[PDB]
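Asks: Experimental coordinates follow, after the sequence.
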There are 2 protein chains.
Amino acid sequence: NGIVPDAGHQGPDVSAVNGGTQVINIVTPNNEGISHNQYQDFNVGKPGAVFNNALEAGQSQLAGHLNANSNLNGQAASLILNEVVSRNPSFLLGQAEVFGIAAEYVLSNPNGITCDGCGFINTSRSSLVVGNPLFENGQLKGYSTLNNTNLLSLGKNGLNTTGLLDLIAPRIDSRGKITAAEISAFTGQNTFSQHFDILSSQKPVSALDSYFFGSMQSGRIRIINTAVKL
Amino acid sequence: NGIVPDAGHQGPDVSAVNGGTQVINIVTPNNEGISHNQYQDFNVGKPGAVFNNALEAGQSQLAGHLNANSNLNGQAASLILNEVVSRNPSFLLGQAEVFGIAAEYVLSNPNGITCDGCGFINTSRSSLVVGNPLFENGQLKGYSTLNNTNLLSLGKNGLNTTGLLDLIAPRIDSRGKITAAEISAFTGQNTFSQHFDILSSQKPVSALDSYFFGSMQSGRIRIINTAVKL
């Protein structure tokens, strides 16, 4: 039970558990193509987790045969935004798979995220955001780490994806190998657009230091600290 | 005698040694504004070195009062390119100052460059290039690390500048603090434009691995490896 959807209108529904892997029927995408999913708890164990973005039944990598997701009402999500609404931090110890149509993937958890052997399957871009998504009259305008001092931690087992990767947090402490098509890490207290452009930055009252003690297997790495040890 | 100009037409002339600091009267800039200076040996010790890009006498940071450089013929350089023509690697243990008009600064040495407590004063951008500048009919077209396996090493005393910084080499091994307005590091066997756009990349027969074991005090860091441990 690592993933516990919210009971409200943006809470998705668990549709299967196959060999220990939770399968999440994400909520209907909005007119911008965003499936905005809310959770009281969001954690992935070794068996991984599947996010069902499929209009046809077929074979998943992590959970065997899966069905179409009727919540999609005929249109797959462009962006799967997973948002923790409680005070609970997230632990990611395995792979998150988008089943069906490839999409962008975001996990936001302003309380903290730890990835230790996590990864992302069938995503064009995946982002881990220790911060709040900013919605304005229902539209996603970006993300905020303002006033936040919490940590994105990457453990010794690292992070892997074939797609693009964004790491957004007040501070980042990484101790393992990060494999991605491109790595963009943005630290400090910032506001961001939906595309992770930095729109504003603020000075924290105390230092927010970040540490990258592992390795980076990627052809392009960008690190922006608006408030870096290697 | 850390800096030994070439005897040919692109060799600059030492115009003073003030408190152990060599003062180099760079050669006349060409019509693109490039002062292309060639050296049999290029090394900077603790006292630093000054590159005279001045149309008026005045006070240098490293070498006291200095005169105008008559080689400029009334026009300061836009880019001061220092190029080692021999097989000798370069060691930079102190500051390189542009006296007079601020300019871009490049040191190229395809045999290897080591910076340990080096830095750059009065430069808009400084670049260390373990590679060859590419001139086509007298015009600077960029730089090449093709076929090169040599090392850019940054030691425990680090590198400091208030301007932009580019680090270009087949491999980079850094063990100290790099302070710069922005840091761009490009590793592998590549061809580059004059602005360090990557125009081509090639696969080395054996791995070229890079290491950044120090820290980076900069708001923007980009690392591109076309063939990275932190």
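Replies: All right, it came through fine. Numbering: from 1, shown residues only, chains lettered A, B, ... in the order given.
Asks: quick one: terminal-to-terminal distance for stretch A:104-124?
Replies: With C-alpha to C-alpha, to the nearest Å as the measure, the first residue of stretch A:104-124 is 5 Å from its last.
Asks: Stretch A:126-139 too?
Replies: For stretch A:126-139, the end-to-end distance is 20 Å (C-alpha to C-alpha).
Asks: Within range of chain B, give me the residues from chain A.
Replies: With C-beta under 8 Å from any C-beta of the partner chain as the criterion, chain A meets chain B at residues A:174, A:212-226, A:228-230. Every residue, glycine included, has its C-beta placed from N, CA and C.
Asks: Surely residue A:77 is within a helix?
Replies: No: following the definition DSSP: H, G, I helix; E, B strand; the rest coil, residue A:77 is coil and is not counted among the residues of a helix.
Asks: And the closest residue in space to residue A:85 that isn't next to it in sequence, which helix or strand is it part of?
Replies: Of all residues beyond its chain neighbours, the one nearest residue A:85 is residue A:38 (5.0 Å), with distances taken as C-beta to C-beta, 6 or more residues apart in numbering or on different chains. Taking DSSP states H and E as the criterion, the element that holds residue A:38 is strand A:34-41.
Asks: How about the residue of chain A found nearest chain B, nearest residue that isn't a chain neighbour?
Replies: Among the residues of chain A, residue A:230 lies closest to chain B, at 3.6 Å counting by C-beta to the nearest C-beta. Distances taken as C-beta to C-beta, 6+ apart put residue B:230 closest to residue A:230, at 3.6 Å, once the chain neighbours are dropped.
Asks: and what of residue A:100?
Replies: Once chain neighbours are set aside, the closest to residue A:100 by C-beta to C-beta, 6+ apart is residue A:54, at 2.7 Å.
Asks: Next up, the contacts around the one you found.
Replies: In this structure, residue A:54 makes contact with A:66, A:67, A:68, A:69, A:72, A:76, A:99, A:100, A:101, judged by C-beta atoms under 8 Å, 6 or more residues apart in numbering or on different chains.
Asks: hmm, 10 Å instead?
Replies: Applying C-beta atoms under 10 Å, 6 or more residues apart in numbering or on different chains, one finds that residue A:54 lies in contact with A:25, A:60, A:66, A:67, A:68, A:69, A:72, A:76, A:98, A:99, A:100, A:101.
Asks: Also residue A:177?
Replies: A:154, A:156, A:157, A:158, A:159, A:160, A:214, A:215, A:216, A:217, B:229.
Asks: Narrow those residues to those in strands?
Replies: Counting by DSSP state E, the part of those found in strands is A:154, A:159, A:160, A:215, A:216, A:217.
Asks: Give me the PyMOL select line for the residues you listed, limited to the buried ones.
Replies: Under the burial definition 16 or more other C-beta atoms under 10 Å in any protein chain shown, those of the ones in strands among the contacts of residue A:177 that qualify are selected in PyMOL by:
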select buried, chain A and resi 154+159+160+215+216+217
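Asks: Looking at the ones in strands among the contacts of residue A:177, which is nearest residue A:169?
Replies: Of all the ones in strands among the contacts of residue A:177, the one sitting nearest residue A:169 is residue A:154; the distance, using C-beta to C-beta, is 10.3 Å.
Asks: residue with max distance from the center of chain A?
Replies: Summary for chain A: using C-alpha atoms, centre = their mean, the residue whose C-alpha lies farthest from the chain's mean C-alpha position is residue A:205, with a distance of 27.5 Å.
Asks: before we move on, back to that, for the residue of chain A closest to chain B, the count of nearby residues, please.
Replies: 25 (other C-beta atoms under 10 Å in any protein chain shown).
Asks: repeat for residue A:70
Replies: Close neighbours of residue A:70, defined as other C-beta under 10 Å, add up to 12.
Asks: what's the distance between it and residue B:14?
Replies: Using C-beta to C-beta, to the nearest Å, one gets 80 Å for the distance from residue A:70 to residue B:14.
Asks: Next up, the contacts around residue A:199.
Replies: The contact partners of residue A:199, by C-beta under 10 Å, 6+ apart, come to A:134, A:141, A:142, A:143, A:144, A:190, A:191, A:192, A:193.
Asks: hang on, I meant residue A:61
Replies: In this structure, residue A:61 makes contact with A:21, A:48, A:50, A:95, A:97, A:98, A:99, A:121, A:122, judged by C-beta under 10 Å, 6+ apart.
Asks: wait, the last one sits on residue A:162?
Replies: Think residue A:122. Yes: in this structure residue A:122 lies within contact range of residue A:162 using C-beta atoms under 10 Å: 8.8 Å.
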